[PDB]
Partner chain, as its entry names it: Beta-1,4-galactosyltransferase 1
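The chain that follows stands alone, in the form deposited without its partner chain, written as structure tokens.
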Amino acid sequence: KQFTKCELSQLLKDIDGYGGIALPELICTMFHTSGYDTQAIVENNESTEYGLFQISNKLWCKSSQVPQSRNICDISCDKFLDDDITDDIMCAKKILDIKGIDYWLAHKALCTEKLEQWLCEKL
């Protein structure tokens, strides 16, 4: 499941304003982060990041790769690879609450201006 800009927008609509974050800027961040793909898996040394919001097994979810993980979202990382983003949103709201929008590098780099394009058209 790879969403289009409008699909995701409607799904995340209730969340505009959460953490002081504007929906378009979150839309832009996700675009450069996973391309709105619920199956994105990105790996490196000490870790792997999962799904839509690219949540890290290093601190946020539990995976056999990093057994010492604090597992802040009390959930295994496979739950971020399925079609239901409900739980991904709950963990992401946790990240926003604790760390802030800066968890995602793409926000400060490409999502603080030219936001008009990240707005949904009409279906």
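Numbering follows the first chain given and starts at 1.
Just so it is clear, the following notes concern the form deposited with its partner chain bound, a form of the same protein that is not shown.
Remark: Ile41 counts among the residues lining its partner chain in the deposited complex, judged by a heavy atom distance of 4.5 Å or less. For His32, a non-hydrogen atom is located within 4.5 Å of its partner chain in the deposited complex, even though that partner is not displayed.
Using a 4.5 angstroms threshold between heavy atoms, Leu110 counts as touching its partner chain in the deposited complex. Not displayed here, its partner chain is approached by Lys114 to within 4.5 Å at the level of heavy atoms in the deposited complex. The partner is not shown here, but in the deposited complex the stretch 92 to 108 reaches within 4.5 angstroms of its partner chain through a heavy atom at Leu105, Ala106.
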